[PDB]
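Below is one structure; the comments refer to it alone.
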Amino acid sequence: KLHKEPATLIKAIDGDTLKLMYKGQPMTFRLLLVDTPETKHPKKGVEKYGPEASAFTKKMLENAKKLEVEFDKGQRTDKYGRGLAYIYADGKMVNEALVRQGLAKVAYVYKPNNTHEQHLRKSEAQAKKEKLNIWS
C-alpha cells in the first residue's frame with residue numbers, strides 16, 4: 001500500500017517537474033504517469049499549452065495548505081536523479097488534475113510504477129470527450 005509523506009514547495013519548474021523540500025533535502029520531482037507540454041524545449045521551445053500547464057501546476061501547488069508526495073511501488077528516482085511520484089495538493093492529486101483538464105497526456109507506463117494508471121486513463125478519456133485544451 002502506497003503512503004503519502006509531507007513535502008514543502010521550493011519551486012515549480014514547469015507542468016510536470018518541480019523542486020520540493022523532502023525529508024530535509026531539496027530534490028527535483030517528476031510527476032508520474034503524465035506528460036505536459038514543454039516550455040523549455042531546446043528543440044521547439046514553448047510547446048502549445050506548455051505555459052498553461054505550467055501555470056496550473058504552479059498555482060495549484062502555491063495555493064495549497066498541504067503538499068504530500070506519494071511514491072509508487074517501483075523505482076523512486078529516474079536516471080536523472082528525479083524523484084518519481086504522485087503529488088497531492090490538499091488531498092487532490094496534481095497528476096490527475098492536469099490530465100482531467102486536458103493539460104497533460106498519460107505517459108508511457110512502466111510497471112510496476114503504474115498503480116494509478118487506470119484512474120488517470122479514466123480522467124484522460126473524459127477530458128478528451130469534453131475536448132479540453134490539448135484535446136480541442
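Scope of the values below: all heavy atoms of this structure, side chains included, with no hydrogens, waters or symmetry mates. Residue numbers run from 1 in the order of the sequence given.
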Do [X] and [Y] sit in the same hydrophobic cluster, where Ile, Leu, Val, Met, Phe, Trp and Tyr count as joined when their side-chain heavy atoms come under 4.5 Å apart?
{"X": "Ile13", "Y": "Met21", "answer": "no"}
{"X": "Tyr110", "Y": "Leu84", "answer": "no"}
{"X": "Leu31", "Y": "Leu61", "answer": "yes"}
{"X": "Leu32", "Y": "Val109", "answer": "yes"}

Pair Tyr22 + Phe71: ring centers closer than 6.0 Å:
yes

When the aromatic ring centroids of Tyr86 and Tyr88 are compared, is their separation below 6.0 Å?
no

Of all heavy-atom pairs between [X] and [Y], which one has the smallest distance, and what is that distance?
{"X": "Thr28", "Y": "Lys19", "result": "OG1-CD, 3.4 Å"}
{"X": "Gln101", "Y": "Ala127", "result": "C-CB, 4.5 Å"}
{"X": "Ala104", "Y": "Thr36", "result": "CB-CG2, 3.5 Å"}
{"X": "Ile10", "Y": "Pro26", "result": "CD1-CB, 3.4 Å"}

Roughly how far, to the nearest 0.5 Å, is the [atom2] atom of [Y] from the [atom1] atom of [X]?
{"X": "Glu68", "Y": "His3", "atom1": "CD", "atom2": "NE2", "answer": "11.0 Å"}
{"X": "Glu52", "Y": "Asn133", "atom1": "CD", "atom2": "CG", "answer": "7.0 Å"}
{"X": "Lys131", "Y": "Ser136", "atom1": "NZ", "atom2": "OG", "answer": "9.5 Å"}
{"X": "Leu9", "Y": "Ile87", "atom1": "CG", "atom2": "CD1", "answer": "10.0 Å"}

Verify side chain to side chain contact (heavy atoms under 4.5 Å, CB included) between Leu120 and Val34, making sure each step is shown before the conclusion.
CA-CA 9 Å; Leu120 296 188; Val34 314; 4.0 Å; yes

Where do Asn95 and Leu33 land on the side chain to side chain contact (heavy atoms under 4.5 Å, CB included) test, with the steps shown first?
CA-CA 8 Å; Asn95 326 35; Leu33 296 202; 5.6 Å; no

Report yes if some heavy atom in the side chain of [X] is under 4.5 Å from a heavy atom in the side chain of [Y]; otherwise report no.
{"X": "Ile134", "Y": "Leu103", "result": "no"}
{"X": "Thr115", "Y": "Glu70", "result": "no"}
{"X": "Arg100", "Y": "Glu130", "result": "yes"}
{"X": "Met27", "Y": "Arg82", "result": "no"}
{"X": "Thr17", "Y": "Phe29", "result": "no"}
{"X": "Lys111", "Y": "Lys73", "result": "no"}
{"X": "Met60", "Y": "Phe56", "result": "yes"}
{"X": "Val94", "Y": "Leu67", "result": "no"}

Residue from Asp78, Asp72, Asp16 passing salt bridge (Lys or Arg N to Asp or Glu O under 4.0 Å) with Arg30:
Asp16

With side chain to side chain contact (heavy atoms under 4.5 Å, CB included) as the test, would you mind laying out the steps for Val46 and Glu38 before giving the verdict?
CA-CA 6 Å; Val46 170; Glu38 208 12 61; over 6 Å; no

Has the side chain of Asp35 got a donor or acceptor atom that lies under 3.5 Å from a matching backbone atom of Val106?
no

Just to verify, which of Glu124, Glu117, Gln118 counts as forming a side-chain hydrogen bond (donor to acceptor under 3.5 Å, both in side chains) with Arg121?
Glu117

Check against side chain to side chain donor-acceptor pair (under 3.5 Å), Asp14 and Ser54:
CA-CA 5 Å; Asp14 70 355; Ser54 216; 5.7 Å; no

More than 12 heavy atoms from other groups under 6.0 Å of NZ on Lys128
yes

Could you go through the side chain to side chain contact (heavy atoms under 4.5 Å, CB included) check for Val69 and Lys4 one step at a time?
CA-CA 6 Å; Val69 290; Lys4 299 181 213 344; over 6 Å; no

